[PDB]
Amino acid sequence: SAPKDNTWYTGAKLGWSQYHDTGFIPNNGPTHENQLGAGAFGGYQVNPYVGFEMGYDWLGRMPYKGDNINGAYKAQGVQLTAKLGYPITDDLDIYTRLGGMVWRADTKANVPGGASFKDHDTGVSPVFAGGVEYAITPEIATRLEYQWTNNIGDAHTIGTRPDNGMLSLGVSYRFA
């Protein structure tokens, strides 16, 4: 049920993205912390237990609403992880993903009727995920996972270093 030994796969994911430790600006309005996240990924399966995968993630744009100051933060990146899986049944796997993300985060803020700025930064963060994967056909599988990414930013540059959690459904095709 894990992809056959020495096989390639490609897939995509959609998810509920939520940022945490979101300190940035002292805005007096709401912040919309739940956002659509998305990504593409591809990988290679070594054996039923071990695979490696790379992907791009869009982590979503968080608005900071307010009438004193308002702004936004967004992040995205490229990740590389090892996937370690246990065949809990002969058709369902449970897995963890371990590795890192090269990320770009962008911020903006403005004062209503006044000044504004845009900034961005780049850096590297650890990625951990856990999930289950079900093989629908020998070619198609679906994933449900939670992906945690730490310190997406720098408080000395863009002014925030939030964490991201993302629950996602993914689908992949296997080139067996």
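Throughout, we count residues from 1 along the sequence that is shown.
Average Cα temperature factor in the PDB entry - higher stretch of 164-172, 150-158: Between 150-158 and 164-172, it is 150-158.
Stretch exceeding the other in mean C-alpha B-factor - 77-85, 102-110: Going by the record's values, the stretch with the higher mean is 102-110.
Given 140, 62, 127, 132, the residue at which the Cα B factor reaches its maximum: In the PDB entry, the greatest C-alpha B-factor among 140, 62, 127, 132 is found at 62.
Lowest, middle or highest third - CA B-factor, residue 66: Answer is highest: the recorded C-alpha B-factor places it there.
Ranked C-alpha temperature factor of residue 117 among modelled chain residues, by third: For residue 117, whose C-alpha B-factor we compare with every modelled residue in the chain, the answer is the highest third.
Residue 43 CA temperature factor, ranked by third within the chain: Tercile = middle for this residue's CA B-factor.
Where the record places residue 55 (Cα B-factor, split into thirds across the chain): According to the entry, residue 55 has a C-alpha B-factor in the chain's lowest third.
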